[PDB]
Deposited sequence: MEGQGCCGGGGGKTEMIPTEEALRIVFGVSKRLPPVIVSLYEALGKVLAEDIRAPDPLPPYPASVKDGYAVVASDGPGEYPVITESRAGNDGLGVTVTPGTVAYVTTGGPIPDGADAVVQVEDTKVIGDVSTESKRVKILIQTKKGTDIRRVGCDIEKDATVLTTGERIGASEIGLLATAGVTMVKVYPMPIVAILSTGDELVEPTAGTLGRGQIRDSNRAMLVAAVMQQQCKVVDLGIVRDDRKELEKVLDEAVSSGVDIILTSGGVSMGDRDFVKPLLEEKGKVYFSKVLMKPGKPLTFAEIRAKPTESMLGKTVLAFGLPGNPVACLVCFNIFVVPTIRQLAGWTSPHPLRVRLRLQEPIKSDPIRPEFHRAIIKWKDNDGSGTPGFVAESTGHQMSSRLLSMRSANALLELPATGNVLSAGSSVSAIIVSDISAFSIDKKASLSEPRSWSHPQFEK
């Protein structure tokens, strides 16, 4: 039985970034760049007005001048030179005509007469309200680098640079199955004796969908060694990168996941020192030519299943997808209520955390409430939980107001405020 820190080190050392692919612009969203992106031309590519107003020769100063052209876009004012004693109308983003060296915003001007004459009311300075060529982005500047995750602003930079086919690291494809003679589909109505609905599979499909991976749903598998071997062989040869099973990893006489993974590939561990649970099998299997497939034999208890997904599977998905920082966000927070820690196993205690202007100590900070009873069979303990408090194995009661480390497991930008 190994500590969680070692189990994750093992997973990190085995997990390899996937080969890069070329995708379209909107397919690149959420993916990690596998190439640097250089601007092919400057931004702006022409001297551009910051304001609606008039392009002037700054040394002319306040006075009445004829408006010799109008410049908003394209070839407007092409061939026209703004000479001393003349001005040109410009709109925001409009090309500055040759000869003009400053822009006077329309608020500092007045149109004179019934054609084309304007009164400049101020003394401007050379370069005022003009964006010189390349001031926002220089031609050939690197605007995005390999290993950078693509968000909305990064899509905007790719579009600025005219890139519509992008080299990225792909997301892994994940196969998911449930195991158990006691399971029935979640469409079941009245349950027969000794039956429960399969909840782990839909929960894991949803968890994987939140990680933006393609899912291969392999359904329910019974506690029969030959049947599970056939489904695992089919999953391995299908092209997936990760296989997630749940259940079939306890001490029962029909628990075949661990021995089948030991037969098909290399099992790095099968027991982890943590609460909730203990069994968690991690294996590397080679598909027949070929490629490597990672397998997690997740615990069957719903809580243990999702906690193991959050702690071990999420960073594996991120590493395969090329993230340079796959670790989850860890923060420090104060407990809103007392919590008893376990005397042997460090606990991943589910909590609902929020940021408060006063965390109890008179300074702003995160605070946490427990989701209640932490039994691994109680999926209600995961309900609304956006963090796992890392409780060391001391057996002591951590009083309300004490500080603990916590792993943030759900959208920190989707946190409900205090």
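| query | Quick one: where does the model skip the deposited sequence? | reply | Deposited residues absent from the model fall in 1-15, 130-133, 309-313, 443-460.
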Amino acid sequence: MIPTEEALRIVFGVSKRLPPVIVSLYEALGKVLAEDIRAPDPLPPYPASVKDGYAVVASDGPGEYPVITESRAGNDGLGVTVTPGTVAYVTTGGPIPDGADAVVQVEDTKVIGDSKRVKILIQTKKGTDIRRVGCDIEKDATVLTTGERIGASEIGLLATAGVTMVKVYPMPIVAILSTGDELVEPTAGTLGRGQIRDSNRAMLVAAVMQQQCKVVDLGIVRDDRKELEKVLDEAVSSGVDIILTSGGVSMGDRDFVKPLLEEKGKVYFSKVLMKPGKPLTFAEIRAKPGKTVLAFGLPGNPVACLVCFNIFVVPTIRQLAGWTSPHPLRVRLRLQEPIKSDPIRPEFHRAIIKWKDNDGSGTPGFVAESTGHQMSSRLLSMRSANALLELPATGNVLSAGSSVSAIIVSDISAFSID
From here on, numbers count along this sequence of modelled residues.
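| said: Mean CA temperature factor from the deposited coordinates, higher in 177-185 or in 333-341? | reply: Mean CA B-factor is higher for 333-341.
| task | Going by the average Cα B-factor in the PDB entry, point out whether 392-400 or 8-16 comes out higher. | result | According to the entry, 392-400 carries the higher average C-alpha B-factor.
| said: Given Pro276, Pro172, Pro315, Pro84, identify the residue with the highest C-alpha B factor in the PDB entry. | reply: If I rank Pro276, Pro172, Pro315, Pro84 by C-alpha B-factor, first place goes to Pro84.
| query | Which of these has the highest Cα B-factor in the record: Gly239, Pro289, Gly151, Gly162? | reply | Checking the PDB record, the top C-alpha B-factor among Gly239, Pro289, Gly151, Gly162 is at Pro289.
| task | Give the position of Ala283 by CA B-factor within its chain, expressed as the lowest, middle or highest third. | result | It falls in the middle third of the chain.
| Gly30 by Cα B-factor - lowest, middle or highest third of the modelled chain | Lowest third - that is where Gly30 ends up once the chain's C-alpha B-factors are sorted.
| Taking the entry's C-alpha B-factors for this chain, is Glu227 in the lowest, middle or highest third? | It belongs to the middle third of the chain when residues are ordered by C-alpha B-factor.
| Where the record places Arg131 (Cα B-factor, split into thirds across the chain) | For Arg131, whose C-alpha B-factor we compare with every modelled residue in the chain, the answer is the middle third.
| message | Could you place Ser24 in the lowest, middle or highest third of its chain by Cα temperature factor, using the values in the record? | response | Lowest third of the chain for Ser24's C-alpha B-factor.
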